[PDB]
2 protein chains.
Amino acid sequence: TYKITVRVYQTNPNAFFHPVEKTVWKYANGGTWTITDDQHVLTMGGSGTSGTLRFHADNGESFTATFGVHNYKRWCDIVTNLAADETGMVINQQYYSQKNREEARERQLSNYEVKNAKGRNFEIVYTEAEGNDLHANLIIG
Amino acid sequence: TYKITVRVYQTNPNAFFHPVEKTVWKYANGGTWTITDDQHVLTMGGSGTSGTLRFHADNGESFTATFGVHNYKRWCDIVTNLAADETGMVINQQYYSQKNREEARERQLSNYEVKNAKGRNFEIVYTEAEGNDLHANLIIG
Ligand SMILES: CC(=O)N[C@@H]1[C@@H](O)[C@@H](O)[C@@H](CO)O[C@@H]1O
Ligand SMILES: CC(=O)N[C@@H]1[C@@H](O)[C@@H](O)[C@@H](CO)O[C@@H]1O
Ligand SMILES: CC(=O)N[C@@H]1[C@@H](O)[C@@H](O)[C@@H](CO)O[C@@H]1O
């Protein structure tokens, strides 16, 4: 099995985001999201699956942060500027169906950042990027 | 918009279930899960969508509880005996794809109960079952 422990950092008091969805994809015997010590913990049955966290702010901004294991290495991706019909479960499935999202996963990134239309930065960084017990920060700008 | 507030009652100390997944379907401008006063609150952009909570126990038992609004009337369903590849996002989608799940939604039930293979009962009952501010109890046997 693989475990990914996520710590969320909010750095900019001009907005406040909260988690509104937590999904788990069906490959590699699936998995489970839980919370321990204010950390989001994803456990997976093997290499080849993932889970998505969707966040929303009161001002309308939202994004997905997805974490998983591809070919025995960690991966991550962030999607911003979400339409109302782009929920976390939609985004999670797209990593296994939609070519551009598939490629984002196959890159096996231990770090990724991107801005939304308003210019806000979002970053995922793995502070423990090796082995089966993986650790990442999600930093909101 | 519609809101469904869910209260979880675990009545049997021979096991402990916890939420491991919360999904939101893409119709009716989607929506959001949040937590207020230890309650799971699903907000939806209108009539015509739903969200799924998946629970897992340490003994291997698991189930999904799905809540939504269909043509302005609330609905619910429970699926038990989940395989490893039947995650919450898989089940949530099946209510708009698969015949027996679709029919469950169309029944617009204000209460439903079912047993798993081990004989444990699970029930959903809406205690506020009309209007836009709906309240439901999820009762684990
Ligand atoms: C060992 C491993 O990572 N296997 C995965 C598989 O489970 C699946 O995610 C696929 C993409 O659909 O890529 C790889 O074959
Ligand atoms: C601005 C934005 O959200 N860009 C995302 C990018 O971060 C990446 O996730 C890609 C593949 O999924 O899709 C979108 O282009
Ligand atoms: C107003 C309303 O509830 N409309 C829904 C629609 O959104 C969709 O969920 C469909 C399911 O196939 O059923 C109803 O037509």
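Reminder, nothing fancy here: chain letters follow the sequence lines and each chain counts from 1.
Interface remark: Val24(B) contributes backbone and side-chain atoms alike to the contact with chain A (heavy atom separation under 4.5 Å). Contact annotation for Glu86(A): neither backbone nor side-chain heavy atoms come within less than 4.5 Å of a heavy atom of chain B.
Within a 6.0 Å sphere centred on CG of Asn14(B), other residues, nucleotides and ligands contribute more than 12 heavy atoms. Atom CG of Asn71(A) sits in a crowded spot, with more than 12 heavy atoms from other residues, nucleotides or ligands closer than 6.0 Å. Applying the 6.0 Å contact sphere to NZ of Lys3(B) captures no more than 12 heavy atoms from other residues, nucleotides or ligands.
Hydrophobic clustering of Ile, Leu, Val, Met, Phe, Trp and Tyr side chains at less than 4.5 Å, counting indirect connections, keeps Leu82(B) apart from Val20(B). Residues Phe55(A) and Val114(A) fall within the same hydrophobic cluster, defined by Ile, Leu, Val, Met, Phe, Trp and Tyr side chains chained together at heavy-atom separations under 4.5 Å.
Contacts with chain B were tallied for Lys26(A), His18(A), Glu21(A); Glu21(A) has the most, counting heavy-atom pairs under 4.5 Å.
The side-chain heavy atoms of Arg54(B) and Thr32(A), taken from C-beta on, include a pair separated by under 4.5 Å.
Separating the OG1 atom in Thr87(B) from the CG atom in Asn29(A) is a distance of 11.5 Å, to the nearest 0.5 Å.
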